[PDB]
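Remarks on the structure that follows.
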Amino acid sequence: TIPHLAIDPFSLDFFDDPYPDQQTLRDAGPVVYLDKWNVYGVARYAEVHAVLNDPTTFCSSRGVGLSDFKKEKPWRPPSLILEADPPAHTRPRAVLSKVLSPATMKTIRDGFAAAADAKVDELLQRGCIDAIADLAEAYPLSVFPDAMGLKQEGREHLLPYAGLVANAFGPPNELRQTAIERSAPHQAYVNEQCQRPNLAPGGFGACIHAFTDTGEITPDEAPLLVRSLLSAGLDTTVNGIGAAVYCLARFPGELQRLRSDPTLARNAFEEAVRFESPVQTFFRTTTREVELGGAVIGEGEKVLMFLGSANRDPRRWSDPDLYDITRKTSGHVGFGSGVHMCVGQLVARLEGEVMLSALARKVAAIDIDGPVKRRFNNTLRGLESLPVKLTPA
Ligand code: HEM
Ligand SMILES: CC(C)(C)c1ccc(C(=O)O)cc1
Ligand SMILES: [Cl-]
């Protein structure tokens, strides 16, 4: 009844161009079986949204990667938030929510905005820059580690550790094996910065440790909640801002619209998150036998959700393959959906908005003037290099 497919969603050819295979996955049926990894797959918006919003059936505590924590050891201690289910997930969630609160965004918005304007000004003095290393990487590296309260030394470990985490979600292919192989120094740095003495006052990390007396989390839970922000707080933002520049570079009509109205900067970033989906895929594990789209899925089965495919499903989106900065983007699953929907999305959207705002006000043109290089990762979509020439406004 369920179609079986040999498509490997974690192969280099798939990363290089996932969109044809994703239509094949969507049109084959609401639920597919991927013989390559012995998992169920859902690529349409409706089923992906349903799975995300049924955490009791499709749990996260047995792992959101291919590996079933009931069968294998996790490569690192489980995240108290990403790899946890209600009720154990609830209170660590509320703490990270209050740490990354609207009140916290108001305190850091000016500094994030000025750093974005200063970076775009610095890049316009060079002209021909690499939009990944000199922009998508440089700007979040200039605001987020300081906002965490991180020390200067060892920041070179932050992006490698994040790429390691995203790769460890994948199957045991060479990407995952090699990442875990080179992991030990990145782990040691990250875990050490999670301790309370190493987090400067006022920052996100010190605020997490300060939330350990309210009855929501204990002091021994604080280091791993800090680890969550050090795992997730940089890499997806880099790929997201890199996606927006990429989109604005390929669609000059939208850049001209964004210049004419800079208030579109926030939705311009949101549409880039839908269009490129920095987080392509995630797993769930069935806790019971369940019926999903006419398919009966037994207990203990891994279910792979194609978030990026769900954000391009024509059953849900009009002209899904077009970058439209005025699109009604509400409902896209680039940040997830339901109880696990990104708790740090206010930080990502703030960085993305103030960056596109700076580009909208200071840049006249963004032209690709060099070979574009893709970054391959088991979970994330993003570029390794984006050579652009920036024309000042
Ligand atoms: C463009 C930027 C980002 C994207 C596309 C993104 C994507 C996602 C997605 C899809 C999820 C859902 C995972 C799931 O359902 O299993 C998630 C959760 C999460 N994100 Fe983000 N994220 C971004 C930025 C951030 C930032 C800036 C932070 C922290 C400062 C962060 C921290 C987290 C955490 C802790 C979770 C787990 C929440 C939970 O399990 O309840 N993310 N993210
Ligand atoms: C941004 C993604 C979804 C990849 C993420 C979220 C949370 C964690 C964690 O460590 O809790 C790690 C990664
Ligand atoms: Cl680790």
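Going by the structure tokens order, chains are called A, B, ..., each with residues numbered from 1, while ligands are numbered from 1 in the order shown.
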Using only C-alpha atoms and all ligand atoms, what are the residues with an atom within 10 Å of ligand 2, set out as a short mmCIF file (atom, residue, chain, number, x, y, z; two decimals) with N, CA and C atoms, in the first residue's frame?
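Wrote it out as part_6.cif, contents follow:
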data_model
loop_
_atom_site.label_atom_id
_atom_site.label_comp_id
_atom_site.auth_asym_id
_atom_site.auth_seq_id
_atom_site.Cartn_x
_atom_site.Cartn_y
_atom_site.Cartn_z
N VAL A 64 15.73 12.65 17.56
CA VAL A 64 15.23 13.30 16.36
C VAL A 64 16.14 13.08 15.16
N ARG A 76 25.95 12.02 22.33
CA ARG A 76 26.11 12.95 23.43
C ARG A 76 24.88 12.84 24.31
N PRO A 77 24.97 13.25 25.57
CA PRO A 77 23.80 13.22 26.45
C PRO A 77 22.62 13.94 25.81
N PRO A 78 21.42 13.37 25.92
CA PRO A 78 20.27 13.96 25.22
C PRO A 78 20.03 15.40 25.63
N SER A 79 19.62 16.21 24.66
CA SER A 79 19.20 17.57 24.96
C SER A 79 17.96 17.53 25.84
N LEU A 80 17.95 18.35 26.89
CA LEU A 80 16.80 18.41 27.78
C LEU A 80 15.59 19.06 27.13
N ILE A 81 15.72 19.54 25.89
CA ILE A 81 14.65 20.27 25.24
C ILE A 81 14.33 19.67 23.88
N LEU A 82 15.34 19.56 23.01
CA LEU A 82 15.10 19.05 21.66
C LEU A 82 14.73 17.57 21.69
N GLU A 83 15.40 16.78 22.52
CA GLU A 83 15.20 15.34 22.58
C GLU A 83 14.45 14.93 23.84
N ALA A 84 13.42 15.70 24.20
CA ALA A 84 12.58 15.40 25.35
C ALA A 84 11.12 15.57 24.97
N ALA A 162 28.59 22.96 15.89
CA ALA A 162 27.22 23.02 15.39
C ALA A 162 27.05 22.16 14.14
N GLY A 163 28.03 22.19 13.23
CA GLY A 163 27.97 21.31 12.08
C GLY A 163 28.05 19.85 12.48
N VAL A 165 26.83 18.59 15.31
CA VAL A 165 25.52 18.22 15.85
C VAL A 165 24.53 17.93 14.73
N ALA A 166 24.44 18.83 13.75
CA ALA A 166 23.51 18.63 12.65
C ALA A 166 23.84 17.39 11.84
N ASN A 167 25.13 17.06 11.71
CA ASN A 167 25.51 15.86 10.97
C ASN A 167 25.19 14.59 11.75
N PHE A 169 22.62 14.00 13.48
CA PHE A 169 21.23 13.62 13.28
C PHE A 169 21.08 12.63 12.13
N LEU A 224 23.42 21.88 30.30
CA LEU A 224 22.94 21.31 29.05
C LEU A 224 21.97 22.24 28.33
N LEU A 225 21.20 23.04 29.08
CA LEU A 225 20.35 24.03 28.44
C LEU A 225 21.19 25.12 27.77
N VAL A 226 22.32 25.46 28.38
CA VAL A 226 23.29 26.33 27.70
C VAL A 226 23.82 25.63 26.45
N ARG A 227 24.13 24.33 26.57
CA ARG A 227 24.61 23.57 25.42
C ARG A 227 23.62 23.62 24.27
N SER A 228 22.32 23.64 24.58
CA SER A 228 21.31 23.74 23.54
C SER A 228 21.48 25.02 22.73
N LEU A 229 21.69 26.15 23.42
CA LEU A 229 21.87 27.41 22.72
C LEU A 229 23.19 27.46 21.97
N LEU A 230 24.23 26.81 22.49
CA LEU A 230 25.50 26.72 21.78
C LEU A 230 25.45 25.72 20.64
N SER A 231 24.48 24.81 20.65
CA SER A 231 24.33 23.87 19.54
C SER A 231 23.51 24.48 18.41
N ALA A 232 22.49 25.27 18.75
CA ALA A 232 21.50 25.71 17.79
C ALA A 232 21.52 27.20 17.49
N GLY A 233 22.26 27.99 18.25
CA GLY A 233 22.11 29.44 18.19
C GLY A 233 22.88 30.15 17.10
N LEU A 234 23.75 29.46 16.36
CA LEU A 234 24.60 30.11 15.37
C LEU A 234 24.43 29.54 13.97
N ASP A 235 24.47 28.21 13.82
CA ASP A 235 24.61 27.61 12.50
C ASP A 235 23.39 27.87 11.62
N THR A 236 22.19 27.67 12.17
CA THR A 236 20.98 27.88 11.37
C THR A 236 20.80 29.34 10.99
N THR A 237 21.20 30.26 11.88
CA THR A 237 21.14 31.68 11.55
C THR A 237 22.08 32.02 10.41
N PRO A 278 16.81 26.24 6.18
CA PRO A 278 18.11 25.81 6.72
C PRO A 278 18.06 24.46 7.40
N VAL A 279 16.96 24.12 8.06
CA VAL A 279 16.76 22.78 8.61
C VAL A 279 15.90 22.01 7.62
N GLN A 280 16.51 21.07 6.90
CA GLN A 280 15.81 20.37 5.83
C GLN A 280 14.92 19.25 6.37
N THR A 281 15.43 18.45 7.30
CA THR A 281 14.78 17.22 7.71
C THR A 281 14.90 17.03 9.21
N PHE A 282 13.93 16.30 9.77
CA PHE A 282 13.98 15.89 11.16
C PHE A 282 13.20 14.59 11.32
N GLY A 334 9.66 25.96 8.56
CA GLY A 334 11.09 26.18 8.65
C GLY A 334 11.59 26.30 10.08
N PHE A 335 10.72 26.73 10.99
CA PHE A 335 11.02 26.78 12.41
C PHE A 335 10.34 25.66 13.19
N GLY A 336 9.77 24.68 12.50
CA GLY A 336 9.00 23.65 13.16
C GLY A 336 7.56 24.07 13.37
N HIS A 340 7.63 21.93 20.02
CA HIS A 340 9.07 22.06 19.82
C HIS A 340 9.43 23.19 18.87
N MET A 341 8.46 23.98 18.43
CA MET A 341 8.75 25.06 17.48
C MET A 341 9.82 25.98 18.05
N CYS A 342 10.79 26.34 17.21
CA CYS A 342 12.05 26.96 17.59
C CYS A 342 11.88 27.97 18.71
N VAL A 343 12.54 27.71 19.84
CA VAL A 343 12.47 28.62 20.98
C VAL A 343 13.37 29.83 20.81
N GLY A 344 14.34 29.77 19.90
CA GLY A 344 15.22 30.89 19.66
C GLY A 344 14.91 31.62 18.36
N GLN A 345 13.68 31.48 17.88
CA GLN A 345 13.32 32.11 16.61
C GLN A 345 13.29 33.63 16.72
N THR A 379 21.72 17.38 7.82
CA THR A 379 20.48 17.99 8.26
C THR A 379 20.26 19.39 7.71
N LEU A 380 21.31 20.16 7.46
CA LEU A 380 21.15 21.56 7.11
C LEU A 380 21.44 21.80 5.63
#
* Asked: Where in range 150-358 of chain A does DSSP assign strand (DSSP E), given as a PyMOL selection string?
  -> chain A and resi 281-286+290-292+295-297+302-306
Closest atom pairs, residues of chain A within 7 Å of ligand 3, only C-alpha atoms and all ligand atoms, as a tab-separated table:
residue	atom	partner	partner_atom_place_in_ligand_line	distance
A:76	CA	ligand 3	1 (Cl)	5.1
A:187	CA	ligand 3	1 (Cl)	4.4
A:190	CA	ligand 3	1 (Cl)	7.0
A:191	CA	ligand 3	1 (Cl)	6.5
File dump, residues just selected, N, CA and C atoms, as a short mmCIF file (atom, residue, chain, number, x, y, z; two decimals), in the first residue's frame:
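out.cif, written as the output of this step:
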data_model
loop_
_atom_site.label_atom_id
_atom_site.label_comp_id
_atom_site.auth_asym_id
_atom_site.auth_seq_id
_atom_site.Cartn_x
_atom_site.Cartn_y
_atom_site.Cartn_z
N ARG A 76 25.95 12.02 22.33
CA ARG A 76 26.11 12.95 23.43
C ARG A 76 24.88 12.84 24.31
N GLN A 187 33.59 19.30 21.40
CA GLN A 187 32.79 18.92 22.56
C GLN A 187 33.38 19.51 23.84
N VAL A 190 32.74 23.31 24.13
CA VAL A 190 31.34 23.67 24.34
C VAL A 190 30.90 23.31 25.75
N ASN A 191 31.18 22.08 26.17
CA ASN A 191 30.76 21.64 27.50
C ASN A 191 31.39 22.48 28.60
#
* Asked: So which residues touch range 212-223 of chain A within 9 Å, counting only C-alpha atoms, skipping near sequence neighbours fewer than 4 positions away, as a PyMOL selection string?
  -> chain A and resi 80+90-92+94-95+191-196+205+208+227-228
Let's have the selection written as a short mmCIF file (atom, residue, chain, number, x, y, z; two decimals), in the first residue's frame, with N, CA, C and O atoms.
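Final file, out_16.cif:
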data_model
loop_
_atom_site.label_atom_id
_atom_site.label_comp_id
_atom_site.auth_asym_id
_atom_site.auth_seq_id
_atom_site.Cartn_x
_atom_site.Cartn_y
_atom_site.Cartn_z
N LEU A 80 17.95 18.35 26.89
CA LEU A 80 16.80 18.41 27.78
C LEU A 80 15.59 19.06 27.13
O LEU A 80 14.52 19.11 27.75
N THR A 90 8.53 20.41 29.26
CA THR A 90 7.76 21.64 29.42
C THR A 90 8.54 22.72 30.16
O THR A 90 8.64 23.86 29.68
N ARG A 91 9.09 22.40 31.32
CA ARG A 91 9.72 23.43 32.14
C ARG A 91 11.07 23.91 31.61
O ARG A 91 11.34 25.11 31.67
N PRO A 92 11.95 23.03 31.11
CA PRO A 92 13.13 23.55 30.41
C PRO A 92 12.77 24.42 29.22
O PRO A 92 13.50 25.37 28.90
N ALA A 94 10.04 26.45 29.01
CA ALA A 94 9.64 27.75 29.53
C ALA A 94 10.84 28.58 29.96
O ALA A 94 10.83 29.81 29.84
N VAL A 95 11.89 27.93 30.47
CA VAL A 95 13.08 28.65 30.90
C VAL A 95 13.79 29.27 29.70
O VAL A 95 14.11 30.46 29.70
N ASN A 191 31.18 22.08 26.17
CA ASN A 191 30.76 21.64 27.50
C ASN A 191 31.39 22.48 28.60
O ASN A 191 30.77 22.70 29.64
N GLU A 192 32.62 22.97 28.38
CA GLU A 192 33.27 23.77 29.41
C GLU A 192 32.66 25.17 29.51
O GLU A 192 32.51 25.71 30.61
N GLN A 193 32.29 25.76 28.37
CA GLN A 193 31.64 27.07 28.39
C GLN A 193 30.24 27.02 28.96
O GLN A 193 29.66 28.08 29.25
N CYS A 194 29.66 25.83 29.12
CA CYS A 194 28.34 25.69 29.71
C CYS A 194 28.33 25.85 31.22
O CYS A 194 27.26 26.04 31.80
N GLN A 195 29.49 25.80 31.87
CA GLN A 195 29.56 25.95 33.32
C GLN A 195 29.37 27.41 33.71
O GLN A 195 29.83 28.32 33.02
N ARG A 196 28.69 27.62 34.84
CA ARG A 196 28.31 28.96 35.27
C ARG A 196 29.46 29.96 35.35
O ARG A 196 29.26 31.11 34.93
N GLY A 205 23.58 32.75 28.75
CA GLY A 205 24.03 31.62 29.56
C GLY A 205 23.89 31.87 31.05
O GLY A 205 23.39 31.03 31.79
N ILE A 208 20.36 31.59 32.12
CA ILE A 208 19.88 30.22 32.28
C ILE A 208 20.26 29.70 33.66
O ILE A 208 19.43 29.13 34.38
N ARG A 227 24.13 24.33 26.57
CA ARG A 227 24.61 23.57 25.42
C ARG A 227 23.62 23.62 24.27
O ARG A 227 24.02 23.65 23.10
N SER A 228 22.32 23.64 24.58
CA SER A 228 21.31 23.74 23.54
C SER A 228 21.48 25.02 22.73
O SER A 228 21.42 25.01 21.50
#
* Pick from A:267, A:1, A:56, A:97: nearest to residue 295 in chain A, with only C-alpha atoms counted? -> A:1
* Extract the full set of alpha helix (DSSP H) residues from range 93-311 of chain A according to DSSP on the backbone, and format it as a ChimeraX atom specification. => /A:93-99,102-126,138-148,158-168,174-181,184-193,204-210,222-232,235-250,252-260,265-276,307-310
* Which value, in Å to one decimal, gives the distance between CA of residue 13 in chain A and CA of residue 242 in chain A? ->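 Here the two named atoms are 21.0 Å from each other.
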